[PDB]
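J.: So that we are looking at the same thing, I have put the structure below in structure tokens.
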Amino acid sequence: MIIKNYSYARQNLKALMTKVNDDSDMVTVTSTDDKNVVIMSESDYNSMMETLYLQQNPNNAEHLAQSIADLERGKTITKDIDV
Amino acid sequence: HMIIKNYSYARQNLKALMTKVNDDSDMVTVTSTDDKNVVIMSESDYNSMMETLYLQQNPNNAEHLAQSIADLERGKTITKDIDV
Amino acid sequence: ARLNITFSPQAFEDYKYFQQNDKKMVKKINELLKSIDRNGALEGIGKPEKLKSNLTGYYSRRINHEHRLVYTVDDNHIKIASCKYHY
Amino acid sequence: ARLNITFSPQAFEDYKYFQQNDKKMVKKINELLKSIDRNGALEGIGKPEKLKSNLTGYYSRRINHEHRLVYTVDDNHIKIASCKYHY
């Protein structure tokens, strides 16, 4: 998580784009107009949107948490599947 | 409200995108030739997203929020004057 | 010194529990409520923020690092969904 | 072709439901499983995505626009948490 200003971020835009994708970092870009932005990788953006999608309904959030717990516990069903 | 531009557009049109992200609540995806793309959003939208994920990330709390918002919607509620 | 507040049943139990176990927590909640009544939903202490997804229409302010006051304002009347994280 | 797959109990019940009632779902799920086994958790059809929060370590692929295959790969063994959205 990185805090920089506009006039720095306008110059080395590509250097900040590679730094948020490989170090999994974030950049807040500050303006004098009190209109700040946050830059993240598209991978991290799609992950949070997909996570919010899966957790958006409480029955589904519960279903995922019970299932992940069952897999960690070994309360589970293992079968050969004709694919 | 997603907007998709490439790297060379985003270099010198930086405030043109930063202002329309904050004013119109838009987001901006910036593509790349090596396709390590980035997404730009307002600080408010980022904080709103992180706060929502924080509240959903335990299922007992997601369920507690869903049940409470439901009870508020149908009026199964307690209304009191409280000392503040 | 008085605010007419509508609670969800779980938010009221947690508020009552704080009253007989953590008065320092009640006072910080009350400061958030007073700020909401004076400044509206998105301005004042506690880093107010809109919520998204199925929490759309509600807002959060920070009571402390763990607990959030989750609330909405319906024609200046404050409704509280939560004042305590339920792990 | 045969793959040895570990299911959560609810994911297995939903897969069995799809076998009886929606064979187009099973075929798409089976396609995603073949792609995970050949390419790993992050490569191939279905827009594979890392998940966050309490789903960290798990991945999602799209079965259709609604249902996700939520899965993890443990030493090339595929474990299925979910293959159906639960509303």
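J.: When the Karplus curve 6.51 cos²θ - 1.76 cosθ + 1.60 is applied with θ = phi - 60°, which whole-Hz ³J(HN,Hα) does each residue of segment A:51-56 get, with x for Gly and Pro?
T.: Result, ordered by residue: 5, 5, 4, 5, 8, 4 Hz.
J.: May I ask you to report, in nm to one decimal and beginning with the shortest, the distances from C:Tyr87 to the same position in the other copies, taking label points 7 Å along Cα-to-Cβ?
T.: 3.4
J.: Using modelled amide H (1.01 Å from N, peptide plane; none on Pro or chain starts), what sits under 5 Å from the amide H of C:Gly40, excluding residues fewer than 5 places away?
T.: none
J.: Another question, if that's okay. With r defined as the distance between the Cβ atoms of C:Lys34 and C:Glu66 and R0 fixed at 25 Å, what FRET efficiency is calculated, to the nearest 0.05? Provide the component values of the computation, followed by the final result.
T.: Values: r = 21 Å, r/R0 = 0.85.
For C:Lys34 and C:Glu66, the calculated efficiency is 0.70.
J.: Work out from phi, with θ = phi - 60° and the Karplus expression 6.51 cos²θ - 1.76 cosθ + 1.60, the ³J(HN,Hα) of each residue of segment C:35-43, listed in order in whole Hz, and give x for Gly and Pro.
T.: Using θ = phi - 60°, the values come out as 5, 5, 5, 7, 10, x, 5, 10, 9 Hz.
J.: For D:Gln20, place a label point 7 Å out from Cα along the Cα→Cβ vector, do the same in each other copy, and report the separations in nm, one decimal, smallest first.
T.: 5.0
J.: Considering only C-alpha atoms, what is the centroid distance from segment D:1-67 to segment A:1-50, in Å?
T.: Rounded to whole Å, the Cα centres lie 32 Å apart.
J.: With θ set to phi - 60° and the Karplus curve 6.51 cos²θ - 1.76 cosθ + 1.60, what are the ³J(HN,Hα) couplings of segment B:72-78 in order, to the nearest whole Hz, using x for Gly and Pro?
T.: Listing the rounded values in order: 4, 6, 8, x, 7, 9, 10 Hz.
J.: Another question, then. For chain A, what class follows from the C-alpha gyration tensor (a ≥ b ≥ c being the square roots of its eigenvalues): rounded when a/c is under 1.5, otherwise prolate if a/b is larger than b/c, else oblate?
T.: Judged from the Cα gyration tensor, chain A comes out prolate (a/c at least 1.5, a/b above b/c).
J.: Quickly work out the B:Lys15-to-C:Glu13 label distance, labels modelled 7 Å from Cα along the C-beta direction, and quote it in nm with one decimal.
T.: Each label point lies 7 Å from its Cα, and together they span 5.4 nm.
J.: Also, I was wondering about something else. Which chain D residue hugs the D-C rotation axis most tightly by its Cβ, and what is that distance in angstrom, to the nearest whole number?
T.: Nearest Cβ to that rotation axis, in whole Å: D:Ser53, 6.
Read the figures in this text as sums done on the coordinates, not as results from a lab. Note that we place each Cβ from the backbone using ideal geometry, even for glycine, and neighbour counts take in every protein chain shown.
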